[PDB]
Structure formats: C-alpha cells, structure tokens
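Below is one structure; the comments refer to it alone.
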Amino acid sequence: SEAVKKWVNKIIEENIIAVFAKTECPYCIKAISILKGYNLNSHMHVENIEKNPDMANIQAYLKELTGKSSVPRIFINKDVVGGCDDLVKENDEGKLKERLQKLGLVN
C-alpha cells in the first residue's frame, strides 16, 4: 500500500516530534510524558495506530523504517530515535537535549 506509507510519511514529515503509540501502553505513556516534559507539545503528534484498520500495515512500515514493529516508535525531525528505551538512553546521556537544541526547541 502506497496509501499507508504516504499516511505514515505525512505524520513523520509534518510534525517535528512524531510518536506512534497504542491504547493503554505504559511505555508509550512514559515516552510521551518524557517528551512533554521538554515542553514539546506544540511540535508533537501522537498517533494511536491500534485504533486504525491498518495497524499491521503501519507496524510493518515502521519496522521497514526503524528495525522494529513495536510501539512506541519515535521520530524527531524525521530521524529515528526508536522506542521508549532508546529515548531513556538519549535523555540520560544528553543526546536528546542536544537533538532538541539543534532544532531550537529547547534553549
């Protein structure tokens, strides 16, 4: 499906911070909360792909893009961050803040 791929692409390209998530997902909630803690709300889009008829297609495409089909899947300025664990590593090690500084998202 070109359609599914184009829809996912639009989400990643039109939002600096793009998070693909599912319903009642602790790690999705944690990742989104960490990102909102940097006051990134205005440039964040969260897509619940479980509430979607094409969940499997979306997950397969996210795996083609990132190596994993699991949610959360996190992109920042179209770059692959990965899952919540990747986000936690970047956050603890200063990489996330550097990412956001280069985007003028954090002082």
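Note that we place each Cβ from the backbone using ideal geometry, even for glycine, and neighbour counts take in every protein chain shown. All of the numbers you see were taken from the coordinates with simple rules; none came from a lab.
Residues in region 5-21 carry Karplus couplings, in order, of 4, 5, 5, 4, 4, 4, 4, 5, 7, 8, 10, 4, 10, 10, 10, 9, 9 Hz; the curve used is 6.51 cos²θ - 1.76 cosθ + 1.60 with θ = phi - 60°, and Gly or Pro positions show x. For region 56-67, backbone phi angles converted through the Karplus equation (6.51, -1.76, 1.60; θ = phi - 60°) give residue-by-residue couplings of 5, 5, 4, 5, 4, 5, 4, 5, 4, 7, 10, x Hz, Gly and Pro being listed as x. Taking amide H as placed 1.01 Å from N in the peptide plane, the amide H of residue 70 sits under 5 Å from none that are at least 5 places away or on another chain. Between residue 60 and residue 101, residue separation times 0.36 nm minus the direct Cα-Cα distance comes to 11.6 nm. Here the spin labels are modelled as points 7 Å beyond Cα on the Cα-Cβ line, and at residue 4 and residue 88 they lie 2.9 nm apart. Remark: region 38-55, residue by residue, has Karplus-estimated 3J(HN,Hα) of 8, 6, 8, 2, 5, 10, 10, 10, 10, 10, 7, 8, 6, 7, 6, x, 10, 3 Hz, where x stands for each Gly or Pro and the curve is 6.51 cos²θ - 1.76 cosθ + 1.60 at θ = phi - 60°. Three principal axis extents describe the C-alpha atoms of region 2-103; from largest down they are 36, 25, 25 Å.
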